[PDB]
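Participant: Here it is: the structure, laid out below.
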Amino acid sequence: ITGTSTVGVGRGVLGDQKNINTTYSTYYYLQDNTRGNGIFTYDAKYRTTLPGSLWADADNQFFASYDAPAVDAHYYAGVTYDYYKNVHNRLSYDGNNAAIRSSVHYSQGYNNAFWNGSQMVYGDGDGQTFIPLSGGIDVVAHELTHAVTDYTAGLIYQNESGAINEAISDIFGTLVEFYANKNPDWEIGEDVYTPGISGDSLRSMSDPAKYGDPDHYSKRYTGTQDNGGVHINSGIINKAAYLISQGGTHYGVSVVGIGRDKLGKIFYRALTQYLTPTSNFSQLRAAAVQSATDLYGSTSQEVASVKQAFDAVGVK
Ligand SMILES: [Ca+2]
Ligand SMILES: [Ca+2]
Ligand SMILES: [Ca+2]
Ligand SMILES: [Ca+2]
Ligand SMILES: [Ru+3]
């Protein structure tokens, strides 16, 4: 909507107060004009018609329980925007400041969040398996990263390119979580998963096997469920990424860690310059090696560590 930029205040899903960029014109709307061509957050009102209505509030205060998922979808979209711009010089998900649109209160008891090809969509969870999923910065940045991938490598969402697509989203969702630097970890979804159980999450990058996901190519899933296991075999690549950043010895193979920033540069460059829609795991290894070669040189530790990491998960 046309209006003047303002700053509202509210509480997110986890009860934390944050300021949010809004737009005033009769109502205060969740429209942030300070980032690219705008960040816009919508109310799906428990139904499934999208995007629903641009979020309107009479007084620019967003402290009602119903407001919380919107506050966090809006704010963490901005954090994700900031990460890609400041860390990778990328302006929004298309690299040309496309508007970022999000809808919350999608459906009823909906235990998921997703990028639909055009926007982000967040369920509220059923209160048991999940609380509103925009409360998880890694979930928000994971699904916004699917938009980045769709505009760059274009990894097809099935089989190994699909598991790479998923891992790329887990990798950058986690790096955005470290960027925001609030209780960061290498798990996925922990802030919004199972409020009745502490210490768990949807997936783990540092030990995928904690949830029955493979941590080596010899344990890959080859059936047809889950689009050929894209949320399962993503564990193989998540482990590789974790090892590249943090190092460790995995099934006897030692990896020298090079840290998060370099993991992020290498995988960003792979995603945007070398991966293609049909890339498989072995092709990702090559892309990552070449990216590390470009950035740090063929004889670098960075290249050697990337190779160690893919050897450790059985990917040649
Ligand atoms: Ca209000
Ligand atoms: Ca965390
Ligand atoms: Ca996390
Ligand atoms: Ca939990
Ligand atoms: Ru996903």
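Chain A uses Swiss-Prot numbers throughout; the residues present, in order, are 233-548.
Method on record in the header is X-ray crystallography, 1.5 Å.
Including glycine, each Cβ sits where the backbone N, Cα and C put it.
Taken from Swiss-Prot, the feature active site covers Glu375. Taken from Swiss-Prot, the feature active site, proton donor covers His463, and the record attributes it to experimental evidence. The Ca(2+) 1 binding site annotation in Swiss-Prot covers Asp289, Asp291, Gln293. Annotation source Swiss-Prot lists Ca(2+) 2 binding site at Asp370, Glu409, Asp417, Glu419, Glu422. Feature annotation from Swiss-Prot assigns Zn(2+) binding site to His374, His378, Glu398. Residues or ranges marked as Ca(2+) 3 binding site in Swiss-Prot: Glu409, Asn415, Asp417, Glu422. Swiss-Prot lists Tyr425, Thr426, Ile429, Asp432 with the feature Ca(2+) 4 binding site.
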Participant: List the binding-site residues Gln293, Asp370, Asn415, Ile429 whose Cβ sits under 6 Å from any atom of ligand 2, in sequence order.
Facilitator: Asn415
Participant: Could you check which of the binding-site residues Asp289, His374, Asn415 have their CB within less than 6 A of ligand 3?
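Facilitator: Correct list: empty, so none.
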Participant: From the Cα of the residue listed as 'active site' across to the Cα of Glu409 (Ca(2+) 2 binding site), what is the distance in angstrom?
Facilitator: 13
Participant: Among the binding-site residues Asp370, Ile429, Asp432, which have a Cβ atom lying under 6 Å from any atom of ligand 5?
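Facilitator: Once distances to ligand 5 are taken from each Cβ, none falls under 6 Å.
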Participant: Report the same-chain neighbours of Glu398 (Zn(2+) binding site): residues 6+ apart in sequence with Cβ closer than 8 Å to its Cβ, ordered by sequence.
Facilitator: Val462, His463, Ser466
Participant: When neighbour density is defined as the number of other C-beta atoms within 10 angstroms of a residue's C-beta, which of the binding-site residues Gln293, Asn415, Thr426 has the lowest density?
Facilitator: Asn415
Participant: In whole Å, note down how far the CA of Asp432 (Ca(2+) 4 binding site) lies from the CA of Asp417 (Ca(2+) 2 binding site).
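Facilitator: So the Cα of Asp432 (Ca(2+) 4 binding site) lies 12 Å away from that of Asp417 (Ca(2+) 2 binding site).
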Participant: Around the Cβ of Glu422 (Ca(2+) 2 binding site), how many other Cβ atoms lie within 10 Å? Please give the count over every shown protein chain.
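Facilitator: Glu422 (Ca(2+) 2 binding site) is surrounded by 20 other Cβ atoms within 10 Å.
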Participant: What binding-site residues in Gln293, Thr426, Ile429, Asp432 place CB under 6 Å from ligand 4?
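Facilitator: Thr426, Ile429, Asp432, by Cβ distance under 6 Å.
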Participant: Which binding-site residues of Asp289, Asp291, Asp370 contact ligand 1 in the sense of C-beta under 6 Å?
Facilitator: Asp289, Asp291
